[PDB]
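So this block is upload00.cif, mmCIF, C-alpha atoms; chains and numbers go by the auth columns:
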data_target
loop_
_atom_site.group_PDB
_atom_site.id
_atom_site.type_symbol
_atom_site.label_atom_id
_atom_site.label_comp_id
_atom_site.label_asym_id
_atom_site.label_seq_id
_atom_site.Cartn_x
_atom_site.Cartn_y
_atom_site.Cartn_z
_atom_site.B_iso_or_equiv
_atom_site.auth_seq_id
_atom_site.auth_asym_id
ATOM 1 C CA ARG A 1 30.909 17.923 -52.193 0.00 10 A
ATOM 2 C CA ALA A 2 34.448 19.061 -53.105 0.00 11 A
ATOM 3 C CA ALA A 3 35.261 22.701 -54.004 0.00 12 A
ATOM 4 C CA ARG A 4 34.400 23.744 -57.594 0.00 13 A
ATOM 5 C CA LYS A 5 37.288 24.130 -60.067 0.00 14 A
ATOM 6 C CA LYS A 6 37.452 26.384 -63.059 0.00 15 A
ATOM 7 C CA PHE A 7 38.126 23.883 -65.833 0.00 16 A
ATOM 8 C CA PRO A 8 36.864 20.402 -66.583 0.00 17 A
ATOM 9 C CA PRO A 9 38.955 17.648 -65.135 0.00 18 A
ATOM 10 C CA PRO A 10 42.107 16.430 -66.822 0.00 19 A
ATOM 11 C CA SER A 11 42.702 12.846 -67.903 0.00 20 A
ATOM 12 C CA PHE A 12 45.298 10.654 -66.281 0.00 21 A
ATOM 13 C CA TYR A 13 46.454 9.780 -69.798 0.00 22 A
ATOM 14 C CA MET A 14 47.679 11.341 -73.000 0.00 23 A
ATOM 15 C CA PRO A 15 44.986 11.404 -75.703 0.00 24 A
ATOM 16 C CA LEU A 16 44.748 9.236 -78.778 0.00 25 A
ATOM 17 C CA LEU A 17 44.370 10.662 -82.235 0.00 26 A
ATOM 18 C CA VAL A 18 41.642 9.298 -84.545 0.00 27 A
ATOM 19 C CA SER A 19 43.062 9.404 -88.091 0.00 28 A
ATOM 20 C CA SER A 20 39.986 9.587 -90.338 0.00 29 A
ATOM 21 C CA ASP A 21 37.047 8.973 -91.688 0.00 30 A
ATOM 22 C CA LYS A 22 35.299 6.572 -89.408 0.00 31 A
ATOM 23 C CA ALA A 23 33.606 7.608 -86.203 0.00 32 A
ATOM 24 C CA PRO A 24 35.486 7.214 -82.966 0.00 33 A
ATOM 25 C CA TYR A 25 32.652 5.019 -81.728 0.00 34 A
ATOM 26 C CA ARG A 26 33.383 2.675 -84.624 0.00 35 A
ATOM 27 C CA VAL A 27 37.037 2.348 -84.255 0.00 36 A
ATOM 28 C CA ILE A 28 37.707 2.267 -80.536 0.00 37 A
ATOM 29 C CA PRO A 29 37.480 -1.395 -79.331 0.00 38 A
ATOM 30 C CA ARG A 30 34.999 -2.358 -76.592 0.00 39 A
ATOM 31 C CA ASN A 31 37.803 -3.082 -74.157 0.00 40 A
ATOM 32 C CA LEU A 32 40.306 -0.242 -74.903 0.00 41 A
ATOM 33 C CA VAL A 33 41.046 0.609 -71.272 0.00 42 A
ATOM 34 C CA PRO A 34 44.520 1.987 -70.341 0.00 43 A
ATOM 35 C CA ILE A 35 46.486 -0.201 -67.975 0.00 44 A
ATOM 36 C CA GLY A 36 47.922 0.645 -64.511 0.00 45 A
ATOM 37 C CA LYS A 37 45.335 2.130 -62.107 0.00 46 A
ATOM 38 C CA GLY A 38 42.560 0.665 -60.012 0.00 47 A
ATOM 39 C CA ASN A 39 41.413 -2.747 -59.158 0.00 48 A
ATOM 40 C CA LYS A 40 39.957 -5.274 -61.537 0.00 49 A
ATOM 41 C CA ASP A 41 36.446 -4.020 -61.079 0.00 50 A
ATOM 42 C CA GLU A 42 37.537 -0.434 -62.008 0.00 51 A
ATOM 43 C CA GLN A 43 38.862 -1.173 -65.558 0.00 52 A
ATOM 44 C CA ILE A 44 35.912 0.685 -67.111 0.00 53 A
ATOM 45 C CA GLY A 45 35.218 4.168 -68.403 0.00 54 A
ATOM 46 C CA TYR A 46 34.894 6.251 -71.519 0.00 55 A
ATOM 47 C CA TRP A 47 36.806 8.119 -74.257 0.00 56 A
ATOM 48 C CA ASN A 48 35.599 11.663 -74.707 0.00 57 A
ATOM 49 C CA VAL A 49 35.891 13.135 -78.220 0.00 58 A
ATOM 50 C CA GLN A 50 37.525 16.533 -78.754 0.00 59 A
ATOM 51 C CA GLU A 51 36.711 17.993 -82.229 0.00 60 A
ATOM 52 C CA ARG A 52 39.762 19.910 -83.555 0.00 61 A
ATOM 53 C CA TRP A 53 40.127 22.623 -86.279 0.00 62 A
ATOM 54 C CA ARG A 54 42.417 25.467 -86.974 0.00 63 A
ATOM 55 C CA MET A 55 42.752 28.521 -89.189 0.00 64 A
ATOM 56 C CA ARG A 56 45.699 28.558 -91.658 0.00 65 A
ATOM 57 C CA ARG A 57 45.145 31.544 -94.069 0.00 66 A
ATOM 58 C CA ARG A 58 39.343 26.514 -91.434 0.00 69 A
ATOM 59 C CA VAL A 59 41.204 23.234 -91.503 0.00 70 A
ATOM 60 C CA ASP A 60 39.412 20.285 -89.777 0.00 71 A
ATOM 61 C CA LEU A 61 41.924 18.141 -87.894 0.00 72 A
ATOM 62 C CA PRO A 62 41.719 14.511 -86.677 0.00 73 A
ATOM 63 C CA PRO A 63 39.846 14.452 -83.428 0.00 74 A
ATOM 64 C CA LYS A 64 41.456 13.559 -80.117 0.00 75 A
ATOM 65 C CA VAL A 65 39.989 11.263 -77.499 0.00 76 A
ATOM 66 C CA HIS A 66 40.751 11.363 -73.783 0.00 77 A
ATOM 67 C CA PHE A 67 40.086 8.513 -71.357 0.00 78 A
ATOM 68 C CA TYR A 68 38.304 8.819 -68.034 0.00 79 A
ATOM 69 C CA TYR A 69 37.327 6.129 -65.543 0.00 80 A
ATOM 70 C CA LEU A 70 33.637 5.556 -64.920 0.00 81 A
ATOM 71 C CA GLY A 71 32.286 8.190 -62.510 0.00 82 A
ATOM 72 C CA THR A 72 35.131 10.614 -63.177 0.00 83 A
ATOM 73 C CA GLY A 73 35.959 13.253 -65.763 0.00 84 A
ATOM 74 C CA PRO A 74 33.672 15.730 -67.593 0.00 85 A
ATOM 75 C CA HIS A 75 30.957 13.061 -67.741 0.00 86 A
ATOM 76 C CA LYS A 76 31.228 11.855 -64.151 0.00 87 A
ATOM 77 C CA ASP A 77 27.418 11.910 -64.014 0.00 88 A
ATOM 78 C CA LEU A 78 26.840 9.367 -66.755 0.00 89 A
ATOM 79 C CA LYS A 79 26.076 5.757 -66.031 0.00 90 A
ATOM 80 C CA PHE A 80 27.904 3.185 -68.042 0.00 91 A
ATOM 81 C CA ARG A 81 26.822 3.376 -71.637 0.00 92 A
ATOM 82 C CA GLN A 82 24.396 6.243 -71.141 0.00 93 A
ATOM 83 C CA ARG A 83 24.174 7.722 -74.600 0.00 94 A
ATOM 84 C CA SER A 84 26.003 10.992 -75.244 0.00 95 A
ATOM 85 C CA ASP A 85 27.378 11.967 -78.618 0.00 96 A
ATOM 86 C CA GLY A 86 31.195 11.956 -78.537 0.00 97 A
ATOM 87 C CA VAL A 87 31.339 9.610 -75.578 0.00 98 A
ATOM 88 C CA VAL A 88 32.702 6.142 -76.363 0.00 99 A
ATOM 89 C CA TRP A 89 32.400 3.435 -73.683 0.00 100 A
ATOM 90 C CA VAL A 90 34.976 0.810 -72.784 0.00 101 A
ATOM 91 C CA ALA A 91 35.344 -1.973 -70.244 0.00 102 A
ATOM 92 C CA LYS A 92 37.472 -4.974 -69.681 0.00 103 A
ATOM 93 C CA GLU A 93 36.327 -8.412 -68.532 0.00 104 A
ATOM 94 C CA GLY A 94 35.833 -8.377 -64.768 0.00 105 A
ATOM 95 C CA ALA A 95 34.911 -4.738 -64.503 0.00 106 A
ATOM 96 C CA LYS A 96 31.802 -3.690 -62.611 0.00 107 A
ATOM 97 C CA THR A 97 29.411 -1.044 -63.876 0.00 108 A
ATOM 98 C CA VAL A 98 29.736 1.253 -60.857 0.00 109 A
ATOM 99 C CA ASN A 99 31.556 4.532 -60.313 0.00 110 A
ATOM 100 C CA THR A 100 35.250 3.991 -59.642 0.00 111 A
ATOM 101 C CA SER A 101 37.324 5.430 -56.762 0.00 112 A
ATOM 102 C CA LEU A 102 39.993 6.896 -58.938 0.00 113 A
ATOM 103 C CA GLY A 103 39.072 10.545 -59.232 0.00 114 A
ATOM 104 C CA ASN A 104 40.825 12.793 -61.661 0.00 115 A
ATOM 105 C CA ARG A 105 44.402 13.765 -62.458 0.00 116 A
ATOM 106 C CA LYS A 106 45.846 16.721 -60.615 0.00 117 A
ATOM 107 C CA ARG A 107 46.459 19.498 -63.097 0.00 118 A
ATOM 108 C CA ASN A 108 50.174 19.750 -62.371 0.00 119 A
ATOM 109 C CA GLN A 109 50.587 15.839 -62.550 0.00 120 A
ATOM 110 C CA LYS A 110 51.924 15.012 -66.091 0.00 121 A
ATOM 111 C CA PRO A 111 49.608 12.715 -68.110 0.00 122 A
ATOM 112 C CA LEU A 112 50.833 9.164 -68.690 0.00 123 A
ATOM 113 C CA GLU A 113 51.192 7.487 -72.077 0.00 124 A
ATOM 114 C CA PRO A 114 48.359 4.908 -72.187 0.00 125 A
ATOM 115 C CA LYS A 115 49.330 1.281 -72.673 0.00 126 A
ATOM 116 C CA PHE A 116 46.940 -1.478 -73.681 0.00 127 A
ATOM 117 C CA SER A 117 46.439 -5.282 -73.633 0.00 128 A
ATOM 118 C CA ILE A 118 45.330 -5.223 -77.253 0.00 129 A
ATOM 119 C CA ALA A 119 46.756 -3.765 -80.491 0.00 130 A
ATOM 120 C CA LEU A 120 45.580 -0.312 -81.447 0.00 131 A
ATOM 121 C CA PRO A 121 43.534 -0.376 -84.555 0.00 132 A
ATOM 122 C CA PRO A 122 45.106 1.378 -87.550 0.00 133 A
ATOM 123 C CA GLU A 123 43.027 4.573 -87.091 0.00 134 A
ATOM 124 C CA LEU A 124 44.209 5.186 -83.526 0.00 135 A
ATOM 125 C CA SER A 125 47.643 6.524 -82.353 0.00 136 A
ATOM 126 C CA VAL A 126 49.001 7.881 -79.158 0.00 137 A
ATOM 127 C CA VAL A 127 49.698 11.551 -79.009 0.00 138 A
ATOM 128 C CA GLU A 128 53.255 11.706 -77.514 0.00 139 A
ATOM 129 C CA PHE A 129 54.852 14.289 -75.112 0.00 140 A
ATOM 130 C CA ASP B 1 13.218 9.960 -80.691 0.00 9 B
ATOM 131 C CA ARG B 2 16.149 8.155 -79.222 0.00 10 B
ATOM 132 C CA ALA B 3 18.194 9.511 -82.191 0.00 11 B
ATOM 133 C CA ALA B 4 21.058 7.714 -84.037 0.00 12 B
ATOM 134 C CA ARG B 5 24.461 8.336 -82.484 0.00 13 B
ATOM 135 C CA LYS B 6 26.712 11.004 -83.914 0.00 14 B
ATOM 136 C CA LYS B 7 30.432 11.021 -83.844 0.00 15 B
ATOM 137 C CA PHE B 8 31.128 14.399 -82.199 0.00 16 B
ATOM 138 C CA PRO B 9 29.571 16.191 -79.296 0.00 17 B
ATOM 139 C CA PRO B 10 26.804 18.550 -80.221 0.00 18 B
ATOM 140 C CA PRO B 11 27.525 22.040 -81.489 0.00 19 B
ATOM 141 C CA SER B 12 26.186 25.195 -79.837 0.00 20 B
ATOM 142 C CA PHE B 13 23.660 27.410 -81.530 0.00 21 B
ATOM 143 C CA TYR B 14 25.931 30.333 -80.661 0.00 22 B
ATOM 144 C CA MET B 15 29.455 31.563 -81.112 0.00 23 B
ATOM 145 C CA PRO B 16 31.565 31.169 -77.953 0.00 24 B
ATOM 146 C CA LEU B 17 32.656 33.855 -75.566 0.00 25 B
ATOM 147 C CA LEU B 18 36.280 34.311 -74.594 0.00 26 B
ATOM 148 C CA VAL B 19 37.208 34.614 -70.880 0.00 27 B
ATOM 149 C CA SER B 20 40.154 36.973 -70.556 0.00 28 B
ATOM 150 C CA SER B 21 41.817 38.209 -67.301 0.00 29 B
ATOM 151 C CA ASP B 22 42.557 35.770 -64.335 0.00 30 B
ATOM 152 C CA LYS B 23 39.196 34.887 -62.747 0.00 31 B
ATOM 153 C CA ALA B 24 37.307 31.621 -63.110 0.00 32 B
ATOM 154 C CA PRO B 25 34.498 31.492 -65.631 0.00 33 B
ATOM 155 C CA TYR B 26 32.103 30.572 -62.856 0.00 34 B
ATOM 156 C CA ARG B 27 32.954 33.857 -61.163 0.00 35 B
ATOM 157 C CA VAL B 28 32.606 36.115 -64.117 0.00 36 B
ATOM 158 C CA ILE B 29 29.638 34.844 -65.999 0.00 37 B
ATOM 159 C CA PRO B 30 26.435 36.497 -64.597 0.00 38 B
ATOM 160 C CA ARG B 31 23.623 34.294 -63.246 0.00 39 B
ATOM 161 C CA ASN B 32 21.338 35.327 -66.049 0.00 40 B
ATOM 162 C CA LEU B 33 23.699 35.414 -69.103 0.00 41 B
ATOM 163 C CA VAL B 34 21.357 33.592 -71.494 0.00 42 B
ATOM 164 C CA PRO B 35 21.578 34.381 -75.264 0.00 43 B
ATOM 165 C CA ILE B 36 18.437 35.866 -76.694 0.00 44 B
ATOM 166 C CA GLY B 37 16.190 34.612 -79.574 0.00 45 B
ATOM 167 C CA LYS B 38 15.131 30.941 -79.197 0.00 46 B
ATOM 168 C CA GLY B 39 12.519 29.240 -77.112 0.00 47 B
ATOM 169 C CA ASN B 40 9.731 30.300 -74.954 0.00 48 B
ATOM 170 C CA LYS B 41 10.014 32.169 -71.657 0.00 49 B
ATOM 171 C CA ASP B 42 10.325 28.995 -69.668 0.00 50 B
ATOM 172 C CA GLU B 43 13.263 27.799 -71.835 0.00 51 B
ATOM 173 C CA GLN B 44 15.671 30.718 -71.156 0.00 52 B
ATOM 174 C CA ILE B 45 17.963 28.504 -69.081 0.00 53 B
ATOM 175 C CA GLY B 46 21.083 26.407 -69.637 0.00 54 B
ATOM 176 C CA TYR B 47 24.816 26.365 -69.207 0.00 55 B
ATOM 177 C CA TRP B 48 28.160 27.625 -70.485 0.00 56 B
ATOM 178 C CA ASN B 49 30.671 24.809 -71.018 0.00 57 B
ATOM 179 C CA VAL B 50 34.340 25.720 -70.578 0.00 58 B
ATOM 180 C CA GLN B 51 36.886 24.769 -73.252 0.00 59 B
ATOM 181 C CA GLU B 52 40.523 24.971 -71.955 0.00 60 B
ATOM 182 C CA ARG B 53 42.825 26.237 -74.759 0.00 61 B
ATOM 183 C CA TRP B 54 46.657 25.951 -75.116 0.00 62 B
ATOM 184 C CA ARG B 55 49.037 25.720 -77.958 0.00 63 B
ATOM 185 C CA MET B 56 52.694 25.082 -78.608 0.00 64 B
ATOM 186 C CA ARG B 57 54.841 27.931 -79.944 0.00 65 B
ATOM 187 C CA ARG B 58 58.519 26.600 -79.893 0.00 66 B
ATOM 188 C CA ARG B 59 53.210 25.695 -74.465 0.00 69 B
ATOM 189 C CA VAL B 60 51.149 28.799 -74.294 0.00 70 B
ATOM 190 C CA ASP B 61 47.955 28.674 -72.226 0.00 71 B
ATOM 191 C CA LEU B 62 45.241 30.733 -73.962 0.00 72 B
ATOM 192 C CA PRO B 63 42.058 32.325 -72.547 0.00 73 B
ATOM 193 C CA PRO B 64 39.375 29.705 -72.280 0.00 74 B
ATOM 194 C CA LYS B 65 36.311 29.712 -74.443 0.00 75 B
ATOM 195 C CA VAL B 66 32.772 29.049 -73.225 0.00 76 B
ATOM 196 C CA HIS B 67 29.900 27.707 -75.338 0.00 77 B
ATOM 197 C CA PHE B 68 26.233 27.996 -74.398 0.00 78 B
ATOM 198 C CA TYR B 69 23.728 25.168 -74.448 0.00 79 B
ATOM 199 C CA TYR B 70 20.089 25.126 -73.353 0.00 80 B
ATOM 200 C CA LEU B 71 19.136 22.960 -70.430 0.00 81 B
ATOM 201 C CA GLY B 72 18.787 19.318 -71.536 0.00 82 B
ATOM 202 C CA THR B 73 20.863 19.834 -74.657 0.00 83 B
ATOM 203 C CA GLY B 74 24.552 19.815 -75.562 0.00 84 B
ATOM 204 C CA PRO B 75 27.439 17.726 -74.183 0.00 85 B
ATOM 205 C CA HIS B 76 25.839 17.841 -70.694 0.00 86 B
ATOM 206 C CA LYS B 77 22.273 17.104 -71.751 0.00 87 B
ATOM 207 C CA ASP B 78 22.102 14.651 -68.822 0.00 88 B
ATOM 208 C CA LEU B 79 22.710 17.230 -66.124 0.00 89 B
ATOM 209 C CA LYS B 80 19.912 18.688 -64.047 0.00 90 B
ATOM 210 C CA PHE B 81 19.962 22.420 -63.566 0.00 91 B
ATOM 211 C CA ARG B 82 22.900 23.343 -61.385 0.00 92 B
ATOM 212 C CA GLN B 83 24.219 19.815 -61.014 0.00 93 B
ATOM 213 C CA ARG B 84 27.816 20.332 -60.177 0.00 94 B
ATOM 214 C CA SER B 85 30.362 19.659 -62.885 0.00 95 B
ATOM 215 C CA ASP B 86 33.677 21.442 -63.113 0.00 96 B
ATOM 216 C CA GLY B 87 33.768 23.730 -66.152 0.00 97 B
ATOM 217 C CA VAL B 88 29.966 23.941 -66.359 0.00 98 B
ATOM 218 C CA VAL B 89 28.548 27.346 -65.484 0.00 99 B
ATOM 219 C CA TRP B 90 24.743 27.643 -65.023 0.00 100 B
ATOM 220 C CA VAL B 91 22.516 30.482 -66.218 0.00 101 B
ATOM 221 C CA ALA B 92 18.815 31.297 -66.178 0.00 102 B
ATOM 222 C CA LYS B 93 16.591 34.260 -66.682 0.00 103 B
ATOM 223 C CA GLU B 94 13.557 35.230 -64.609 0.00 104 B
ATOM 224 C CA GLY B 95 10.570 33.121 -65.694 0.00 105 B
ATOM 225 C CA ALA B 96 12.576 30.128 -66.782 0.00 106 B
ATOM 226 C CA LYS B 97 11.602 26.659 -65.581 0.00 107 B
ATOM 227 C CA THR B 98 14.150 24.130 -64.378 0.00 108 B
ATOM 228 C CA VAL B 99 13.184 21.431 -66.903 0.00 109 B
ATOM 229 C CA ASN B 100 14.788 20.171 -70.081 0.00 110 B
ATOM 230 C CA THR B 101 14.042 22.436 -73.022 0.00 111 B
ATOM 231 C CA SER B 102 12.653 21.441 -76.445 0.00 112 B
ATOM 232 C CA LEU B 103 15.404 23.152 -78.434 0.00 113 B
ATOM 233 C CA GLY B 104 17.846 20.405 -79.227 0.00 114 B
ATOM 234 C CA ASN B 105 21.152 21.176 -80.778 0.00 115 B
ATOM 235 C CA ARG B 106 22.460 23.108 -83.766 0.00 116 B
ATOM 236 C CA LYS B 107 22.890 21.236 -87.012 0.00 117 B
ATOM 237 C CA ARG B 108 26.534 20.983 -87.833 0.00 118 B
ATOM 238 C CA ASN B 109 26.209 22.725 -91.196 0.00 119 B
ATOM 239 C CA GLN B 110 24.146 25.651 -89.759 0.00 120 B
ATOM 240 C CA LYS B 111 26.360 28.583 -88.876 0.00 121 B
ATOM 241 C CA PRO B 112 26.509 29.602 -85.180 0.00 122 B
ATOM 242 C CA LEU B 113 24.850 32.880 -84.264 0.00 123 B
ATOM 243 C CA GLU B 114 26.513 35.725 -82.474 0.00 124 B
ATOM 244 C CA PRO B 115 24.922 35.724 -78.967 0.00 125 B
ATOM 245 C CA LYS B 116 23.140 38.887 -77.850 0.00 126 B
ATOM 246 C CA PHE B 117 22.201 39.664 -74.241 0.00 127 B
ATOM 247 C CA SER B 118 19.819 41.740 -72.097 0.00 128 B
ATOM 248 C CA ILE B 119 22.684 42.720 -69.831 0.00 129 B
ATOM 249 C CA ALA B 120 26.162 44.203 -70.389 0.00 130 B
ATOM 250 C CA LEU B 121 29.009 41.731 -70.690 0.00 131 B
ATOM 251 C CA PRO B 122 31.411 41.963 -67.840 0.00 132 B
ATOM 252 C CA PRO B 123 34.895 43.226 -68.706 0.00 133 B
ATOM 253 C CA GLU B 124 36.366 39.683 -68.733 0.00 134 B
ATOM 254 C CA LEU B 125 33.960 38.368 -71.370 0.00 135 B
ATOM 255 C CA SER B 126 33.935 39.045 -75.153 0.00 136 B
ATOM 256 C CA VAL B 127 32.283 37.498 -78.105 0.00 137 B
ATOM 257 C CA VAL B 128 34.417 35.499 -80.479 0.00 138 B
ATOM 258 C CA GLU B 129 33.432 36.881 -83.921 0.00 139 B
ATOM 259 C CA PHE B 130 32.992 35.157 -87.301 0.00 140 B
#

Could you quickly redo this structure as structure tokens?
Amino acid sequence: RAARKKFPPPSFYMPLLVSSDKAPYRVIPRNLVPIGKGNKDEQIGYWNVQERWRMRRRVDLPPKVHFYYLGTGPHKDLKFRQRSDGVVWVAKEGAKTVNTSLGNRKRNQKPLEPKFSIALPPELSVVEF
Amino acid sequence: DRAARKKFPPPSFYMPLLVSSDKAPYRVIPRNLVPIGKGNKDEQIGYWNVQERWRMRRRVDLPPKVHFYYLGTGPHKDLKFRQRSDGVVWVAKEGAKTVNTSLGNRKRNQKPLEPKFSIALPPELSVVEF
């Protein structure tokens, strides 16, 4: 029972961009978990889709996805693989399907560029900066 | 059903509000700020979901937007009424019941409606038009 904050929690990582066409749930591999936090049983979570559009003179833009460990983030309440549109689940071998201890990024902490053990598929790219 | 999965989170039936000034959305949005015109009396309950907004010009933080969803619908369809989640602001009118509503979500190709209320909007809230 922490104090309530005004905005949903930030990701530890920079987002990926989904360049097309195919659904994020289609293109993000089962085991696309960023490397470098938690123990082996904590390499599990989800990518949350952000739909993106802008006015120039409505232009639909590639969506972004942001990664959160299981039991953290905007969908901290969801059990592993509980169905929610725009939520894409990932886990590596050895993970356990329980809430992790990792919390959320502090707002003034810069996000990290996510690195992986697998190649990114062609439709996924890291958003730099 | 247990409907086929969709690629994006569900859209709101309504246009968003904009939260100007300094205060947190949870502070400014009244307890009973439920848009009018769908559902029965027991369904006038749900939440406003905060969208943080910032762009680059040459990073400019913008006023956040909030989008309304009936209880048991939207990106937080899984949450019980008033289950704590940062950026989720709960609302209900008198007579509502704290159970999932029957209303679902807007179809993507249906245009959002401008939300109308039984109460004045506080000074920090305005409708995003069009």

Could you check the closest approach to chain B for each of A:47, A:122, A:74, A:114 and tell me which residue wins, using all atoms listed in the file?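 Nearest to chain B: A:74.
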
Near chain B, which residues of chain A fall within 7 Å when you count all atoms listed in the file, and what do they look like as a VMD selection string? chain A and resid 13 to 18 32 to 34 58 60 85 95 to 97

Output for the residues just chosen: C-alpha atoms as a short mmCIF file (atom, residue, chain, number, x, y, z; two decimals), keeping the file's coordinate frame:
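The resulting result.cif:
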data_model
loop_
_atom_site.label_atom_id
_atom_site.label_comp_id
_atom_site.auth_asym_id
_atom_site.auth_seq_id
_atom_site.Cartn_x
_atom_site.Cartn_y
_atom_site.Cartn_z
CA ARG A 13 34.40 23.74 -57.59
CA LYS A 14 37.29 24.13 -60.07
CA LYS A 15 37.45 26.38 -63.06
CA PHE A 16 38.13 23.88 -65.83
CA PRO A 17 36.86 20.40 -66.58
CA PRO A 18 38.96 17.65 -65.14
CA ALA A 32 33.61 7.61 -86.20
CA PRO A 33 35.49 7.21 -82.97
CA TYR A 34 32.65 5.02 -81.73
CA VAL A 58 35.89 13.14 -78.22
CA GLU A 60 36.71 17.99 -82.23
CA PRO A 85 33.67 15.73 -67.59
CA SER A 95 26.00 10.99 -75.24
CA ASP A 96 27.38 11.97 -78.62
CA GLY A 97 31.20 11.96 -78.54
#

Do you know which residues the PyMOL selection byres ((chain A and resi 106) around 8) returns on this file, as a ChimeraX atom specification? /A:49-53,102-105,107-108

Counting only C-alpha atoms, the option among A:138, A:26, A:42, A:36 closest to residue 79 (chain A):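 Comparing A:138, A:26, A:42, A:36 against residue 79 (chain A), the winner is A:42.
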
Picked residues, the PyMOL selection byres ((chain B and resi 19) around 10), expected as a PyMOL selection string: chain B and resi 16-18+20-23+77-79+83-85+115-122

Rank B:125, B:114, B:24, B:105 by their smallest atom-to-atom distance to residue 43 (chain B), using only C-alpha atoms, and report the top residue only.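 Of the candidates, the smallest distance to residue 43 (chain B) is held by B:125.
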
Counting all atoms listed in the file, which residues sit no farther than 9 Å from the position (13.7, 37.6, -67.5) in the file's frame? I'd like them as number ranges by chain. B: 40, 49, 52, 102-106, 128

Could you tell me which of B:136, B:48, B:124, B:28 comes closest to residue 61 (chain B) if we count all atoms listed in the file?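 Comparing B:136, B:48, B:124, B:28 against residue 61 (chain B), the winner is B:28.
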